[PDB]
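Input: a single structure, listed below in structure tokens.
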Amino acid sequence: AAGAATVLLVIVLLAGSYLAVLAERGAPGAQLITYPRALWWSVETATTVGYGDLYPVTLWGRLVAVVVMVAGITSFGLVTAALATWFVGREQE
Amino acid sequence: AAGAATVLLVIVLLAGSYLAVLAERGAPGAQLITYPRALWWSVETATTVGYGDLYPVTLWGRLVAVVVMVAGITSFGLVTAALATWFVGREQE
Amino acid sequence: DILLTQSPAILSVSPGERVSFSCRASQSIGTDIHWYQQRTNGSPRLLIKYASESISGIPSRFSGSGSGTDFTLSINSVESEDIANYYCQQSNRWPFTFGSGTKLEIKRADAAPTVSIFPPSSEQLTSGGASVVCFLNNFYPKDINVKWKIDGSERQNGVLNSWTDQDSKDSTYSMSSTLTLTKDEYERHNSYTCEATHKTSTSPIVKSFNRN
Amino acid sequence: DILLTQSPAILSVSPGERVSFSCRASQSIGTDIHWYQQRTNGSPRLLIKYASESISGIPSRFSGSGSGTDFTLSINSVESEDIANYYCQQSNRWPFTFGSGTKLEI
Amino acid sequence: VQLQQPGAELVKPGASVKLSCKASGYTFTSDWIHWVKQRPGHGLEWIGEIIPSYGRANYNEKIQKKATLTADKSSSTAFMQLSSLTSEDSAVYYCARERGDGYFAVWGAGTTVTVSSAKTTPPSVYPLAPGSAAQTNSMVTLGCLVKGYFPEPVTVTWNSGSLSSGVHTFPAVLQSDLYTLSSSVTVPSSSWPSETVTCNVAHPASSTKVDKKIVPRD
Amino acid sequence: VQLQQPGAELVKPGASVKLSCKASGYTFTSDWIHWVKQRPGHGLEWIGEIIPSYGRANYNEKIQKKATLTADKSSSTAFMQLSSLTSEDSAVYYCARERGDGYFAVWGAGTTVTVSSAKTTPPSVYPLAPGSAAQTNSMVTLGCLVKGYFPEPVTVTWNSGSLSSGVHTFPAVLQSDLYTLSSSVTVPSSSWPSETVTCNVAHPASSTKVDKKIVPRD
């Protein structure tokens with residue numbers, strides 16, 4: 001709620017980024033192989049921005065990616081319902 | 001609400017576009033470096049259209065980008081709940 | 001660092017005929033190219049922006065073409081006022097870069113040099129030197145052979161020549177010739193002559209003056 | 001397997017004068033290049049990271065340039081202590097790869 | 001004149017120099033100020049940009065980062081400081097006004113920088129009138145001779161610009177650390193000397209400008 | 001010394017060998033440990049990476065997968081096992097500490113591996129003092145001679161490192177399965193022999209280090 005679904009998104013975005021590099025390293029060609037841009041990629045994913053920078057190529061990397069989508073889009077189906085509520089409320093007054 | 005969450009999106013989309021060019025200029029390779037296409041890029045971002053044209057490469061450019069996503073997706077989680085309400089209502093009559 | 005590559009380096013053309021400088025980038029830049037003219041001694045001057053759009057205050061001769069990696073500045077006609085270096089400059093990816101540059105040369109009809117010989121001014125001798133300047137003006141081609149003589153005998157020393165870049169009112173060239181002596185030396189010689197053997201004239205064009 | 005290609009193989013230069021080793025990749029890698037110096041008998045030693053960023057404890061002579069596929073290690077001046085092999089190494093796509101190496105002769 | 005920069009500077013080698021660019025016209029928040037270097041007989045080297053309002057600068061990755069950029073947020077003048085120069089660093093230096101859209105709409109006139117230990121010399125202007133017995137054609141050619149100045153450049157004008165018809169200012173020659181050039185003008189032998197004709201030779205590097213009428217040999 | 005690996009190993013052909021890399025300093029969860037191979041007079045071959053905390057390794061696709069990677073999660077030491085070697089497999093083997101950002105911040109000193117059936121020999125160190133009648137210049141040159149050791153390498157030092165001024169250790173020559181090199185040092189003829197000077201020759205492969213003062217010919 002208040003800042004709860006928020007925190008869960010950040011667990012996802014970290015552990016996601018961390019595991020993406022683990023799964024993708026070893027696949028010849030993967031760009032998703034350093035902890036920085038891995039993190040950026042998990043934001044590119046939770047928010048469905050689909051910029052086209054990074055994406056996974058391994059099976060497990062794609063599973064990790066799907067977990068981020070779900071756990072992100074849901075978080076962000078709620079973080080965005082809450083920033084809308086709080087500031088729109090106080091700012092609407 | 002009526003046209004309130006709307007206006008906030010436009011503050012975001014401008015100041016976003018303006019800062020993107022500031023952060024990205026100086027990074028060898030960035031395409032996000034003129035105030036026009038910067039603006040278009042912030043729409044590409046607030047609306048999660050992910051066309052793949054522009055995207056940032058600097059750290060700060062990506063932060064700016066994330067601010068647009070949040071403040072945009074939230075605005076557009078409300079601008080789109082309001083155009084749905086007004087015209088669907090009057091048009092539904 | 002996007003590489004703009006302007007070929008050819010120089011461009012011959014007869015007046016009034018279409019001309020096209022090619023720019024060619026090292027990767028796609030869409031339409032983020034801009035053309036700059038820069039004559040001799042002057043600063044650059046925006047010609048075409050975003051590869052096709054004209055600038056207000058630019059002659060309609062200049063026509064912007066191209067997209068992707070192949071770009072084409074074009075001039076639908078040519079006249080003498082268009083002699084300059086021409087530059088493309090991409091704004092698609094940081095940093096902004098420039099091309100190597102293309103200079104425009106006009107083939108015109110051959111013309112003979114106006115020769116003018118000038119004695120050292122009264123003011124100049126008052127110090128301790130005397131320079132005989134001789135002007136070759138408005139000839140084409142630029143290939144001309146100056147020749148000094150003092151009292152019929154041919155002096156090869158103290159001779160500073162300088163060639164104009166192709167002038168942009170006429171498509172012609174000019175040339176000066178400083179003759180650095182001393183006042184002491186200028187006094188003990190009577191005649192000074194300026195001969196110029198140019199393509200236009202087998203017979204060399206000659207000018208002279210006598211202090212006496 | 002991204003191919004880094006360091007030309008030239010050897011580099012003659014008089015002391016104090018600017019010198020630039022070119023690295024050139026077989027496809028775009030953005031800025032994920034890093035330069036390593038390795039003198040005789042010694043282990044390699046990170047010089048420039050991410051193609052432009054300096055390393056603390058590295059002389060200001062070493063100047064990182066380049067982006068995309070064209071990369072340029074540069075030394076604004078040269079002195080005798082700089083004789084070594086020099087290596088570029090991309091981290092943009094797996095596996096990490098290294099260049100062929102460039103030796104500096106004075 | 002939109003962008004406005006001084007004419008010429010002289011720097012002892014290894015010393016520093018500051019370069020100015022006062023810009024009348026608009027002063028948009030979104031404006032950028034760029035600097036381009038043109039070595040003699042070369043192309044255009046982009047050096048670096050600065051957005052004066054906000055305050056950040058970005059320099060050319062690929063060149064020896066010798067300079068640093070600054071601005072004056074409420075004087076409408078921007079600066080570039082070149083530190084410890086050589087002779088490789090002598091060139092013309094333009095400032096340009098990019099609106100933020102990616103092209104250099106407005107160009108300064110350029111500042112000519114010559115890095116030498118030699119001393120600064122004003123010029124010597126001598127008239128050039130035809131000989132006492134040169135058969136006058138319809139058009140008469142006459143000039144003036146700027147001798148022994150340092151450093152470059154010199155602005156040469158005729159009647160202070162009014163008579164720009166038929167002029168060629170010649171390139172300067174060098175000799176023992178002093179320059180020398182000439183300029184030519186052509187009027188009708190009907191109008192001259194009945195109409196007076198003067199050549200004016202500005203020399204920015206010395207802060208001197210001089211006049212000389214080209215009278216007949218009295 | 002951040003990354004720390006042994007000096008030299010010797011392997012009979014076809015046999016195996018384990019390689020160590022104890023790493024003081026930090027031991028981040030996110031750390032990766034890489035291994036680079038440098039054949040004599042070659043470049044750097046990346047062999048493979050390992051993240052010691054979690055435990056997974058990835059080897060070089062393109063080379064003969066002769067090795068396998070391991071770690072000790074609470075000894076801060078990682079390992080690489082090379083199985084069934086040839087002479088193509090003799091090289092220097094570095095371990096590196098990539099933080100997870102994509103560059104090798106920290107490098108071990110390298111382990112020199114020589115795959116031969118020949119036996120291990122300690123070195124023989126002989127002093128090198130000038131002749132009994134060599135005219136002494138301002139600087140005096142003197143050295144020591146390491147003869148008949150196997151395998152490579154030998155760490156050669158002067159006064160145990162304090163006098164690193166004016167030294168050239170020469171490359172080893174090979175001859176009938178034994179090595180031989182020399183080192184040179186230069187001090188002022190004022191300071192020596194009044195100041196004592198010793199060369200110390202470590203030989204990791206044998207686990208022996210030896211000393212020799214370079215006295216005058218008494």
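Letters A, B, ... go to the chains of the structure tokens in the order shown; residues in each chain start at 1; ligands are counted from 1 in the same order.
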Exercise for review: Show me which bits of chain B are within 10 Å of chain D, counting only C-alpha atoms, as a PyMOL selection string.
Suggested key: chain B and resi 27-30+57
Review point. What residues in chain D lie within 6 Å of chain F, counting only C-alpha atoms, written as a PyMOL selection string?
Key: chain D and resi 43+91+100
Contact set, chain B to chain A: 12 Å, only C-alpha atoms, as a PDB file with N, CA and C atoms, in the first residue's frame:
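Writing done, so here's result_18.pdb:
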```
ATOM      1  N   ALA B   1      -7.025  15.557 -11.530  1.00  0.00           N
ATOM      2  CA  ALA B   1      -8.351  15.097 -11.931  1.00  0.00           C
ATOM      3  C   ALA B   1      -8.744  15.596 -13.322  1.00  0.00           C
ATOM      4  N   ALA B   2      -9.720  16.514 -13.355  1.00  0.00           N
ATOM      5  CA  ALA B   2     -10.299  17.031 -14.593  1.00  0.00           C
ATOM      6  C   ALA B   2      -9.239  17.308 -15.654  1.00  0.00           C
ATOM      7  N   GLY B   3      -8.352  18.258 -15.377  1.00  0.00           N
ATOM      8  CA  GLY B   3      -7.208  18.507 -16.229  1.00  0.00           C
ATOM      9  C   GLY B   3      -5.963  18.737 -15.399  1.00  0.00           C
ATOM     10  N   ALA B   4      -5.949  18.176 -14.187  1.00  0.00           N
ATOM     11  CA  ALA B   4      -4.885  18.421 -13.216  1.00  0.00           C
ATOM     12  C   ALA B   4      -3.725  17.442 -13.382  1.00  0.00           C
ATOM     13  N   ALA B   5      -4.001  16.136 -13.275  1.00  0.00           N
ATOM     14  CA  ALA B   5      -2.970  15.145 -13.559  1.00  0.00           C
ATOM     15  C   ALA B   5      -2.431  15.320 -14.970  1.00  0.00           C
ATOM     16  N   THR B   6      -3.248  15.875 -15.869  1.00  0.00           N
ATOM     17  CA  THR B   6      -2.782  16.230 -17.202  1.00  0.00           C
ATOM     18  C   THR B   6      -1.612  17.198 -17.136  1.00  0.00           C
ATOM     19  N   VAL B   7      -1.820  18.346 -16.488  1.00  0.00           N
ATOM     20  CA  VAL B   7      -0.805  19.396 -16.446  1.00  0.00           C
ATOM     21  C   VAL B   7       0.498  18.871 -15.858  1.00  0.00           C
ATOM     22  N   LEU B   8       0.406  18.060 -14.799  1.00  0.00           N
ATOM     23  CA  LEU B   8       1.612  17.533 -14.166  1.00  0.00           C
ATOM     24  C   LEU B   8       2.431  16.696 -15.139  1.00  0.00           C
ATOM     25  N   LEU B   9       1.759  15.914 -15.989  1.00  0.00           N
ATOM     26  CA  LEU B   9       2.464  15.152 -17.014  1.00  0.00           C
ATOM     27  C   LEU B   9       3.275  16.057 -17.932  1.00  0.00           C
ATOM     28  N   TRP B  41      11.188  11.623 -27.090  1.00  0.00           N
ATOM     29  CA  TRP B  41      11.623  10.458 -26.330  1.00  0.00           C
ATOM     30  C   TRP B  41      10.893  10.352 -24.992  1.00  0.00           C
ATOM     31  N   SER B  42      10.631  11.486 -24.334  1.00  0.00           N
ATOM     32  CA  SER B  42       9.914  11.457 -23.061  1.00  0.00           C
ATOM     33  C   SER B  42       8.456  11.042 -23.226  1.00  0.00           C
ATOM     34  N   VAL B  43       7.871  11.252 -24.405  1.00  0.00           N
ATOM     35  CA  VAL B  43       6.553  10.693 -24.680  1.00  0.00           C
ATOM     36  C   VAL B  43       6.665   9.193 -24.930  1.00  0.00           C
ATOM     37  N   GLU B  44       7.660   8.786 -25.727  1.00  0.00           N
ATOM     38  CA  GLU B  44       7.985   7.375 -25.919  1.00  0.00           C
ATOM     39  C   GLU B  44       8.125   6.621 -24.607  1.00  0.00           C
ATOM     40  N   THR B  45       8.343   7.344 -23.508  1.00  0.00           N
ATOM     41  CA  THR B  45       8.650   6.792 -22.198  1.00  0.00           C
ATOM     42  C   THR B  45       7.461   6.848 -21.246  1.00  0.00           C
ATOM     43  N   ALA B  46       6.837   8.023 -21.106  1.00  0.00           N
ATOM     44  CA  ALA B  46       5.658   8.146 -20.255  1.00  0.00           C
ATOM     45  C   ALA B  46       4.556   7.207 -20.728  1.00  0.00           C
ATOM     46  N   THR B  47       4.178   7.315 -21.996  1.00  0.00           N
ATOM     47  CA  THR B  47       3.490   6.218 -22.657  1.00  0.00           C
ATOM     48  C   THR B  47       4.501   5.122 -22.941  1.00  0.00           C
ATOM     49  N   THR B  48       4.237   3.918 -22.442  1.00  0.00           N
ATOM     50  CA  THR B  48       5.239   2.863 -22.531  1.00  0.00           C
ATOM     51  C   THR B  48       5.339   2.290 -23.939  1.00  0.00           C
ATOM     52  N   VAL B  49       5.362   3.191 -24.890  1.00  0.00           N
ATOM     53  CA  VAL B  49       5.349   2.661 -26.266  1.00  0.00           C
ATOM     54  C   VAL B  49       6.629   1.961 -26.682  1.00  0.00           C
ATOM     55  N   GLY B  50       7.762   2.207 -26.057  1.00  0.00           N
ATOM     56  CA  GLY B  50       9.013   1.483 -26.365  1.00  0.00           C
ATOM     57  C   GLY B  50       9.310   1.226 -27.833  1.00  0.00           C
ATOM     58  N   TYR B  51       9.239   2.266 -28.657  1.00  0.00           N
ATOM     59  CA  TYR B  51       9.468   2.189 -30.115  1.00  0.00           C
ATOM     60  C   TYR B  51      10.925   1.891 -30.406  1.00  0.00           C
ATOM     61  N   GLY B  52      11.857   2.259 -29.549  1.00  0.00           N
ATOM     62  CA  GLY B  52      13.243   1.886 -29.853  1.00  0.00           C
ATOM     63  C   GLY B  52      13.974   2.978 -30.570  1.00  0.00           C
ATOM     64  N   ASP B  53      13.375   4.138 -30.686  1.00  0.00           N
ATOM     65  CA  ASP B  53      14.110   5.189 -31.372  1.00  0.00           C
ATOM     66  C   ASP B  53      15.265   5.630 -30.500  1.00  0.00           C
ATOM     67  N   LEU B  54      14.945   6.460 -29.519  1.00  0.00           N
ATOM     68  CA  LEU B  54      15.917   7.024 -28.603  1.00  0.00           C
ATOM     69  C   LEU B  54      15.854   6.309 -27.265  1.00  0.00           C
ATOM     70  N   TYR B  55      16.983   6.324 -26.574  1.00  0.00           N
ATOM     71  CA  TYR B  55      17.070   5.917 -25.185  1.00  0.00           C
ATOM     72  C   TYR B  55      18.387   6.434 -24.635  1.00  0.00           C
ATOM     73  N   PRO B  56      18.487   6.610 -23.324  1.00  0.00           N
ATOM     74  CA  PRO B  56      19.708   7.163 -22.735  1.00  0.00           C
ATOM     75  C   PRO B  56      20.798   6.115 -22.537  1.00  0.00           C
ATOM     76  N   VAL B  57      22.028   6.615 -22.387  1.00  0.00           N
ATOM     77  CA  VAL B  57      23.200   5.762 -22.201  1.00  0.00           C
ATOM     78  C   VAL B  57      23.944   6.141 -20.926  1.00  0.00           C
ATOM     79  N   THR B  58      23.828   7.401 -20.507  1.00  0.00           N
ATOM     80  CA  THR B  58      24.433   7.822 -19.251  1.00  0.00           C
ATOM     81  C   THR B  58      23.627   7.304 -18.064  1.00  0.00           C
ATOM     82  N   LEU B  59      24.283   7.274 -16.907  1.00  0.00           N
ATOM     83  CA  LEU B  59      23.581   6.962 -15.669  1.00  0.00           C
ATOM     84  C   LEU B  59      22.485   7.987 -15.402  1.00  0.00           C
ATOM     85  N   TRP B  60      22.857   9.269 -15.372  1.00  0.00           N
ATOM     86  CA  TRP B  60      21.895  10.314 -15.036  1.00  0.00           C
ATOM     87  C   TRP B  60      20.769  10.379 -16.058  1.00  0.00           C
ATOM     88  N   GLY B  61      21.087  10.153 -17.333  1.00  0.00           N
ATOM     89  CA  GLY B  61      20.039  10.092 -18.339  1.00  0.00           C
ATOM     90  C   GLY B  61      19.030   8.996 -18.060  1.00  0.00           C
ATOM     91  N   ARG B  62      19.502   7.862 -17.545  1.00  0.00           N
ATOM     92  CA  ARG B  62      18.585   6.787 -17.188  1.00  0.00           C
ATOM     93  C   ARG B  62      17.770   7.129 -15.946  1.00  0.00           C
ATOM     94  N   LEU B  63      18.341   7.891 -15.014  1.00  0.00           N
ATOM     95  CA  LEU B  63      17.573   8.320 -13.852  1.00  0.00           C
ATOM     96  C   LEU B  63      16.444   9.245 -14.275  1.00  0.00           C
ATOM     97  N   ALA B  65      15.156   9.302 -17.098  1.00  0.00           N
ATOM     98  CA  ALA B  65      14.195   8.445 -17.782  1.00  0.00           C
ATOM     99  C   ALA B  65      13.252   7.774 -16.790  1.00  0.00           C
ATOM    100  N   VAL B  66      13.795   7.257 -15.684  1.00  0.00           N
ATOM    101  CA  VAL B  66      12.959   6.573 -14.700  1.00  0.00           C
ATOM    102  C   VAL B  66      11.957   7.540 -14.080  1.00  0.00           C
ATOM    103  N   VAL B  67      12.385   8.778 -13.819  1.00  0.00           N
ATOM    104  CA  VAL B  67      11.480   9.789 -13.281  1.00  0.00           C
ATOM    105  C   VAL B  67      10.325  10.036 -14.242  1.00  0.00           C
ATOM    106  N   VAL B  68      10.611  10.044 -15.545  1.00  0.00           N
ATOM    107  CA  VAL B  68       9.553  10.241 -16.530  1.00  0.00           C
ATOM    108  C   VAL B  68       8.570   9.079 -16.487  1.00  0.00           C
ATOM    109  N   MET B  69       9.087   7.845 -16.520  1.00  0.00           N
ATOM    110  CA  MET B  69       8.249   6.654 -16.432  1.00  0.00           C
ATOM    111  C   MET B  69       7.250   6.767 -15.290  1.00  0.00           C
ATOM    112  N   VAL B  70       7.755   6.853 -14.062  1.00  0.00           N
ATOM    113  CA  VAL B  70       6.931   6.995 -12.868  1.00  0.00           C
ATOM    114  C   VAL B  70       5.950   8.149 -13.028  1.00  0.00           C
ATOM    115  N   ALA B  71       6.473   9.376 -13.077  1.00  0.00           N
ATOM    116  CA  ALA B  71       5.619  10.555 -13.137  1.00  0.00           C
ATOM    117  C   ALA B  71       4.777  10.602 -14.406  1.00  0.00           C
ATOM    118  N   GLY B  72       5.158   9.856 -15.437  1.00  0.00           N
ATOM    119  CA  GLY B  72       4.353   9.775 -16.636  1.00  0.00           C
ATOM    120  C   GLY B  72       3.308   8.690 -16.538  1.00  0.00           C
ATOM    121  N   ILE B  73       3.748   7.462 -16.243  1.00  0.00           N
ATOM    122  CA  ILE B  73       2.834   6.326 -16.150  1.00  0.00           C
ATOM    123  C   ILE B  73       1.750   6.607 -15.122  1.00  0.00           C
ATOM    124  N   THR B  74       2.084   7.355 -14.069  1.00  0.00           N
ATOM    125  CA  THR B  74       1.086   7.716 -13.067  1.00  0.00           C
ATOM    126  C   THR B  74       0.116   8.747 -13.616  1.00  0.00           C
ATOM    127  N   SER B  75       0.649   9.852 -14.141  1.00  0.00           N
ATOM    128  CA  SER B  75      -0.163  10.804 -14.882  1.00  0.00           C
ATOM    129  C   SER B  75      -1.007  10.069 -15.909  1.00  0.00           C
ATOM    130  N   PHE B  76      -0.350   9.294 -16.765  1.00  0.00           N
ATOM    131  CA  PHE B  76      -1.061   8.551 -17.789  1.00  0.00           C
ATOM    132  C   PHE B  76      -1.814   7.343 -17.240  1.00  0.00           C
ATOM    133  N   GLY B  77      -1.618   6.987 -15.972  1.00  0.00           N
ATOM    134  CA  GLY B  77      -2.543   6.102 -15.297  1.00  0.00           C
ATOM    135  C   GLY B  77      -3.775   6.814 -14.794  1.00  0.00           C
ATOM    136  N   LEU B  78      -3.865   8.126 -15.071  1.00  0.00           N
ATOM    137  CA  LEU B  78      -4.937   9.020 -14.639  1.00  0.00           C
ATOM    138  C   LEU B  78      -5.483   9.888 -15.774  1.00  0.00           C
ATOM    139  N   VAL B  79      -4.612  10.426 -16.640  1.00  0.00           N
ATOM    140  CA  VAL B  79      -5.096  11.096 -17.849  1.00  0.00           C
ATOM    141  C   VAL B  79      -5.962  10.143 -18.656  1.00  0.00           C
ATOM    142  N   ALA B  81      -7.521   7.458 -17.350  1.00  0.00           N
ATOM    143  CA  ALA B  81      -8.719   7.175 -16.574  1.00  0.00           C
ATOM    144  C   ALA B  81      -9.734   8.309 -16.637  1.00  0.00           C
TER     145      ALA B  81
END
```
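Note that atom CA of residue C:2 and atom CA of residue C:27 are 7.3 Å apart.
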Exercise for review: Just the residues within 8 Å of residue C:175, please, counting only C-alpha atoms, with nothing from its chain fewer than 4 positions along; format it as a list in words.
Suggested key: residues 135, 136, 137, 161, 162, 163 and 164 of chain C; 170 of chain E
How would the residues just chosen look if you wrote them out with C-alpha atoms as a PDB file, in the first residue's frame?
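Below is the file out04.pdb, written as the result:
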```pdb
ATOM      1  CA  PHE C 135      50.281  43.573 -59.264  1.00  0.00           C
ATOM      2  CA  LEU C 136      49.095  40.839 -61.599  1.00  0.00           C
ATOM      3  CA  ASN C 137      45.295  41.101 -61.523  1.00  0.00           C
ATOM      4  CA  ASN C 161      55.322  36.837 -54.311  1.00  0.00           C
ATOM      5  CA  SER C 162      51.819  36.009 -53.114  1.00  0.00           C
ATOM      6  CA  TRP C 163      48.901  34.394 -54.939  1.00  0.00           C
ATOM      7  CA  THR C 164      45.250  35.133 -54.275  1.00  0.00           C
TER       8      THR C 164
ATOM      9  CA  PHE E 170      46.934  39.743 -50.863  1.00  0.00           C
TER      10      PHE E 170
END
```
Check your understanding: In stretch 47-111 of chain F, what's strand (DSSP E or B) per DSSP? Answer as number ranges by chain?
Key -> F: 47-50, 57-59, 67-72, 77-82, 92-98, 104-107, 111
Review point. So which residues touch residue C:115 within 12 Å, counting only C-alpha atoms, skipping near sequence neighbours fewer than 6 positions away, as a ChimeraX atom specification?
Key: /C:133-139,144,146-147,174-177,193-198,204-208 /E:130,134,137,140-142,184
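The interatomic distance for the pair atom CA of residue D:13 and atom CA of residue F:165 works out to 25.2 Å.
Compared by their closest atoms to chain C, and using only C-alpha atoms, the residues E:29, E:207, E:4, E:83 rank with E:4 nearest.
Note that the spacing between atom CA of residue E:17 and atom CA of residue D:61 amounts to 22.1 Å.
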Point to revise | Contact residues around residue E:88 with only C-alpha atoms at 12 Å, ignoring same-chain residues under 2 positions, as a PyMOL selection string | key: chain E and resi 13-14+37-40+63-64+66+84-86+90-92+113-116
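Taking only C-alpha atoms, the non-local environment of residue C:91 within 8 Å (same-chain residues fewer than 3 positions away omitted) comprises residues 32, 33, 94, 95, 96 and 97 of chain C; 102 and 103 of chain E.
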Practice item. Run DSSP on the backbone of this structure and report the residues of chain E it assigns to helix (DSSP H, G or I), as a VMD selection string. Key: chain E and resid 159 to 161 204 to 206
Dump as a short mmCIF file (atom, residue, chain, number, x, y, z; two decimals), in the first residue's frame, selection limited to N, CA and C atoms:
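Saved result, out24.cif, follows:
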```cif
data_model
loop_
_atom_site.label_atom_id
_atom_site.label_comp_id
_atom_site.auth_asym_id
_atom_site.auth_seq_id
_atom_site.Cartn_x
_atom_site.Cartn_y
_atom_site.Cartn_z
N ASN E 159 38.22 53.27 -48.64
CA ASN E 159 37.26 54.31 -48.26
C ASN E 159 36.40 53.87 -47.08
N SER E 160 37.00 53.06 -46.20
CA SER E 160 36.33 52.49 -45.03
C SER E 160 35.12 51.65 -45.42
N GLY E 161 35.20 50.95 -46.56
CA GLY E 161 34.23 49.95 -46.95
C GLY E 161 33.32 50.37 -48.09
N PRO E 204 44.10 44.35 -35.36
CA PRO E 204 43.51 44.09 -34.03
C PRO E 204 44.54 43.72 -32.98
N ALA E 205 45.55 42.93 -33.34
CA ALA E 205 46.47 42.40 -32.33
C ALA E 205 47.23 43.51 -31.61
N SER E 206 47.43 44.66 -32.26
CA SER E 206 48.12 45.78 -31.64
C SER E 206 47.16 46.82 -31.07
#
```
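Each of E:191, E:24, E:200, E:117 was compared to residue E:11 using only C-alpha atoms, and E:117 turns out to be the nearest.
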Please report, as JSON lines, each residue of chain A lying at most 7 Å from chain F, together with the nearest pair of atoms and the separation in Å rounded to one decimal; use only C-alpha atoms, and order rows by chain and ascending residue number.
```
{"residue": "A:26", "atom": "CA", "partner": "F:58", "partner_atom": "CA", "distance": 5.2}
{"residue": "A:34", "atom": "CA", "partner": "F:101", "partner_atom": "CA", "distance": 5.1}
{"residue": "A:35", "atom": "CA", "partner": "F:100", "partner_atom": "CA", "distance": 5.7}
{"residue": "A:36", "atom": "CA", "partner": "F:101", "partner_atom": "CA", "distance": 6.6}
```
Produce a file of the selected residues containing N, CA and C atoms, as a CSV table (one decimal), in the first residue's frame.
```
chain,number,residue,atom,x,y,z
A,26,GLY,N,27.8,-16.9,-19.7
A,26,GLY,CA,28.0,-18.3,-20.2
A,26,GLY,C,27.3,-18.5,-21.6
A,34,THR,N,26.6,-7.4,-17.0
A,34,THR,CA,27.2,-6.6,-15.9
A,34,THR,C,26.1,-6.1,-15.0
A,35,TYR,N,26.4,-6.2,-13.7
A,35,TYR,CA,25.4,-5.8,-12.7
A,35,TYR,C,24.7,-4.5,-12.9
A,36,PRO,N,25.4,-3.4,-13.3
A,36,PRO,CA,24.8,-2.1,-13.6
A,36,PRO,C,23.6,-2.3,-14.7
```
